[PDB]
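Protein chains in written order, with UniProt numbering: chain V, 593 to 675, 683 to 802, 819 to 1020; chain S, 589 to 1126. Idealized CB from N, CA, C, for every residue including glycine. I have placed the structure first, in the form of structure tokens, so that the comments after it can refer back to it.
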Amino acid sequence: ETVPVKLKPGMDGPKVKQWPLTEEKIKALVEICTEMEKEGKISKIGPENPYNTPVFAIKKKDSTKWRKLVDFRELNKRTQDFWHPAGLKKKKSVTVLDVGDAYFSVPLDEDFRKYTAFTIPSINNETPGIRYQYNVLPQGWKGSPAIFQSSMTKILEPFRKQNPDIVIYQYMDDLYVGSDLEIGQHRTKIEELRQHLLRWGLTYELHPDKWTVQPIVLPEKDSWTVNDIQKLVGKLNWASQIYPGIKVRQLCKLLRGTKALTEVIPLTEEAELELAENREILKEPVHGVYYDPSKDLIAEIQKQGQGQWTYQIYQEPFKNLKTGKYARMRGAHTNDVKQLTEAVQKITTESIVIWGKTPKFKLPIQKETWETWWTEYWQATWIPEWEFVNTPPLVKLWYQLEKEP
Amino acid sequence: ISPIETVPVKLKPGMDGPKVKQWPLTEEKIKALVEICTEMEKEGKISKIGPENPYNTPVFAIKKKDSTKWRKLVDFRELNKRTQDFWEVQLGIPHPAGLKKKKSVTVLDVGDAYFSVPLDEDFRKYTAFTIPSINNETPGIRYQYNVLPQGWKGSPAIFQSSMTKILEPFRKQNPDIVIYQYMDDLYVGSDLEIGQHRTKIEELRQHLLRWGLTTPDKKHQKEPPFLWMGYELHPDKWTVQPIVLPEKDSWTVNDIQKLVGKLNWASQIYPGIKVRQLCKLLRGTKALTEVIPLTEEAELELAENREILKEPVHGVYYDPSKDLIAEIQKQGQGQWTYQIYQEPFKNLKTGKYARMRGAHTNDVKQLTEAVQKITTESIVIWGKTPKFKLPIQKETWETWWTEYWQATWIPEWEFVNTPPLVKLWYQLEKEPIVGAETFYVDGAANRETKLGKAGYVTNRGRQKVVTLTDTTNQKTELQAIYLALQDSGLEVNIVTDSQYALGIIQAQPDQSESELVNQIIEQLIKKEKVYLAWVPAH
Ligand SMILES: CC(C)Nc1cccnc1N1CCN(C(=O)c2cc3cc(NS(C)(=O)=O)ccc3[nH]2)CC1
């Protein structure tokens, strides 16, 4: 039978406009859709359906075989509710698998289908878009893994008992398998899981335990100039928003007088102590920070430049759950949008591994720029929420100061 | 009517069909409406009904242009606001630039198409209207629609859908033919020779006929260059049809605004169109009907525009086997002109972006924006991004982008030296300047009295303070920096606590909304080296 799925009280179906696609992408979607049409998974719809959800074609690791990807973010937020492993983060190596291919097996409630309406665009609009709706469980839709949960655990159990030292977690179309076995034995065991998964209907890795909490390193110098001290004080002052024990008084006293920026200032013992105490405070994360599951997770990113990027995940301003840095991947040398997308995906995978949810991003990129080119470098099955922001000059300056090896 | 499956139509959430009373008409209008309705009744378009229908829509009677023949119109205005929402019909029509050159083209007319597609037999009751009788007494003749009603909300969408089902087979059978649906028109073009082409068309027409959709008559046919909204489509290219400027020695505000409208649109195609002096006339206008005399300067540019508009600008069609190239020029601060072509001088399209009079930006940022706008435009027209030819050195780009706080990017491009070249007007020093004077600037203003002071004290003993009336604190802070700049040599170190100038350090803008910041920019540009240092206030 089909489970009667419905929308949250008062909500209506999504009517998100389809963004223009490149010719390659359109061709790929059309092929893919014709196939799914033949396989009875999706069906052409009429004008009596006013709903719509964005669709695009991605590519991931390993192929030319364009993968269809639908942006169900709005539908997910409108879908009724249906109401996590603490050890997954402490695993040596975690592998991700796309179990999205399993949903086509289960049919979607007929009365809900209308809401899955999506559209393949036409170049120069010389042809009306090709409208379709789902007949089965859609990939990327929250209701899919939920409905398919009964079946999912069932198929997974046999592997879980053969290997309960391994932790398996499911988020959307993904499955993260974390084990403490060494690379080879780990991967060999994963393929064992896949082979097991393949006798039903579907088809590198992370290292969580390595995610070290990096501190802030303050500059040290033989001689300090008026400007060096000034820059140090600016950053320390900002840092007092996190660590209220940080002090700039004794340093600020050295800044008394209209002296040349390049002039060298001898540090008074009192100022020297202050700097020492400050370094001690920054030696460890601020106390009392804990994750509240009933709160939205936030991820802010700053463009540090030269391929470097910094981020912080929190819920309350300054009470950071995690902070990190991302260097551009080989190849992304002239593309910011690629580095950013890669960053968002990396940060999001961590958020899932750690808290089992995707954070809401604050991206230092113009709406237009992002929306025009993010898809070209997207590889994950899911899509996180995002807002576009103006990065404050100091927040960047402070996190740039993070400790490196 | 036709033998096509009807579309399931429903009313909005919880509403009911219109129940508006029938407008009173004369024996004349009525007698007319009666005959038309008897005709439609037999064509199967409408059906005579009765009391088993509480819904009603006002029917009206009008005669057509410089003529006389009673027609009819039904005000579905109400039914429309009560009918469900449908899928959005193509609001964005194609653009000649993206049209592939077809050896033979043909445009069919299916005006009657609306009244050919059946209406959802369930929904029909809601389209009931009434032909009144002679002066509010004997009951009028009642009817309802059995076909897609003209003026009804869902008609255009439903008709388009139907046309698609019907065309799907033909399209598959012979893919070398390109069909385009637009209003009551089908623009069928192919690479076949005229004879084979005509044969296909007849097959197509006959195919539609089998479906109930009849096509044009020897009279109602579109033949010469297809006048497709402001464009004449020729086989070799497409031209811009006459955009005429009226000769009036009396111009009202309306006349001037409308004129500027036409002129502004012309700025996209025609090189050199200017309206500055025209716009100037709108200053302090007290009424649409006010007549403002054209200043000499206005009469001159209007004259120049008249000449520019009488030039043969023509575009070309799209050839997939050829590269898409877009070149940009900075036509003054903020304004950018571009032309997308495949083979030199043969443009597929041209255009220019007015200037977003921004709060705080720079040319490289603006160049980027123009680039992104063009890209989206290209992706929508050709499903491709073009190769860019930008008047900016790779070195300029690398230096700027690689250090901007915001993610920015420009697709595959190439430098084209066609002055003026966009550039970085200045670059703030990376470190303090050894030797150069150090200004400690400060401006403070009482936000309420709007009275303040802006000054500085340097390590060289130079000092100054200026009293300002009707200012704001931000203005003083900035002004402080201004004086610092004005009174300093070619190399300066400036320290301020204005984290609003900290914004200038990170973004280094070369244009702003405020005249003050602009002045500062002018000064910055003038120095050989400037080092801006921010320090926490108080
Ligand atoms: C409705 C819009 C979207 N156009 C359009 C829609 C659908 C298919 N194709 C289209 N176009 C392709 C580009 N294009 C030509 O290549 C062309 C014009 C043309 C004129 C004559 N002769 S004439 C009538 O006397 O001017 C002879 C051969 C010709 N070829 C015009 C038509």
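| Query | Result |
| --- | --- |
| For the beta strand (DSSP E) containing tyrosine 819 of chain S, name the first residue and the last one. | 819-821 |
| Please state whether DSSP places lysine 1063 of chain S in a helix, a strand or coil. | helix |
| Take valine 841 of chain S as the anchor and find which of S:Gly872, S:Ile831 and S:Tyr819 has the nearest alpha-carbon. | S:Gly872 |
| Taking the runs of the alpha helix (DSSP H) that are 4 residues or longer, which of them lie wholly in the segment 950-1004 of chain S? | 951-970 and 982-989 |
| Would you say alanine 958 of chain S and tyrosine 926 of chain S are within 8 Å of each other, going by their C-beta atoms? | yes |
| What did DSSP end up calling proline 706 of chain V once you bin it into helix, strand or coil? | strand |
| Are the C-beta atoms of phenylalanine 674 of chain S and some chain V residue less than 8 Å apart? | yes |
| On the DSSP letters alone, give me the boundaries of the alpha helix (DSSP H) that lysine 600 of chain S sits inside. | Run containing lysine 600 of chain S: none; DSSP gives neither H nor E here. |
| Any beta carbon of chain S sitting closer than 8 Å to that of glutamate 725 of chain V? | yes |
| Return the chain-ordered list of same chain residues with a C-beta closer than 7 Å to the C-beta of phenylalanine 674 of chain V, the five sequence neighbours on each side being excluded. | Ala745 |
| Please classify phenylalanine 1027 of chain S as buried or exposed, where buried requires at least 16 other C-beta atoms within 10 Å of its C-beta. | buried |
| Following a CB-centred definition, is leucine 797 of chain V positioned closer than 7 Å to any heavy atom of ligand 1? | no |
| Between the segment 744-755 of chain S and chain V, which residues of the former have a C-beta closer than 8 Å to a C-beta of the latter? | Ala745, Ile746, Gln748, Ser749 and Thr752 |
| Could you tell me whether the Cβ atoms of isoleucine 844 of chain S and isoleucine 880 of chain S are closer together than 8 Å? | yes |
| Would you say the segment 1064-1082 of chain S touches the segment 1115-1122 of chain S, given that touching needs at least three Cβ pairs under 8 Å? | yes |
| With burial defined as no fewer than 16 other Cβ atoms inside 10 Å of the residue's Cβ, what is the status of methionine 603 of chain S: buried or exposed? | exposed |
| Just to make sure I have the definition right: I need the residues of chain S whose C-beta is within less than 8 Å of the C-beta of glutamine 845 of chain V. Which are they? | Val1083, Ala1121 and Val1123 |
| Does the beta carbon of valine 848 of chain V sit closer than 8 Å to a beta carbon anywhere in chain S? | yes |
| Beta-carbon within less than 6 Å of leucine 599 of chain S's beta-carbon, same chain only, minus the 5 sequence neighbours each way: which residues are those? | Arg670 |
| Mind checking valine 828 of chain V: buried by the 16 CB within 10 Å criterion, or exposed? | exposed |
| Any contact of the segment 706-724 of chain S with the segment 823-835 of chain S, i.e. 3+ C-beta pairs under 8 Å? | no |
| Specify the secondary structure class of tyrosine 702 of chain S as computed by DSSP and reduced to three states. | helix |
| What in chain V is Cβ-close to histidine 683 of chain S, meaning under 7 Å? | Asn723 |
| Can you confirm whether the segment 932-949 of chain S touches the segment 849-862 of chain S when touching is taken to mean that 3 or more C-beta pairs between the two stretches lie within less than 8 Å? | yes |
| Check whether the Cβ of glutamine 672 of chain V lies closer than 8 Å to any Cβ atom in chain S. | no |
| I'd like to confirm something about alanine 685 of chain V: is its beta-carbon nearer than 7 Å to some heavy atom of ligand 2, or not? | In the structure shown, ligand 2 is absent; the only ligands present are ligand 1. |
| Using CA coordinates, which residue listed in V:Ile719, V:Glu899, V:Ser750 and V:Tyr1014 is at the minimum distance from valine 698 of chain V? | V:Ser750 |
| Could you spell out the range, first to last residue, of the beta strand (DSSP E) harbouring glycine 1040 of chain S? | 1039-1046 |
| Which of the three DSSP states, helix, strand or coil, is assigned to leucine 890 of chain S? | helix |
| Taking the alpha carbon of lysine 633 of chain S as the point to measure from, which residue in S:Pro612, S:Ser590 and S:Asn644 has its own alpha carbon closest? | S:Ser590 |
| Any C-beta of chain S within less than 8 Å: which residues of the segment 633-663 of chain V qualify? | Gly638, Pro639, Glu640, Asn641, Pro642 and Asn644 |
| What residue range does the beta strand (DSSP E) around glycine 777 of chain S cover? | 773-778 |
| Helix, strand or coil for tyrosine 1014 of chain V per DSSP? | helix |
| Tell me, please, whether the CB atom of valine 952 of chain V is closer than 8 Å to any CB atom in chain S? | yes |
| Considering only residues of the same chain and omitting the five flanking positions on each side of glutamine 1107 of chain S, which have a CB-CB separation below 7 Å? | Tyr1070 |
| Could you pull out every residue in the same chain whose Cβ sits closer than 6 Å to the Cβ of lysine 691 of chain V, ignoring the five residues on either side in sequence? | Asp779 and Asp824 |
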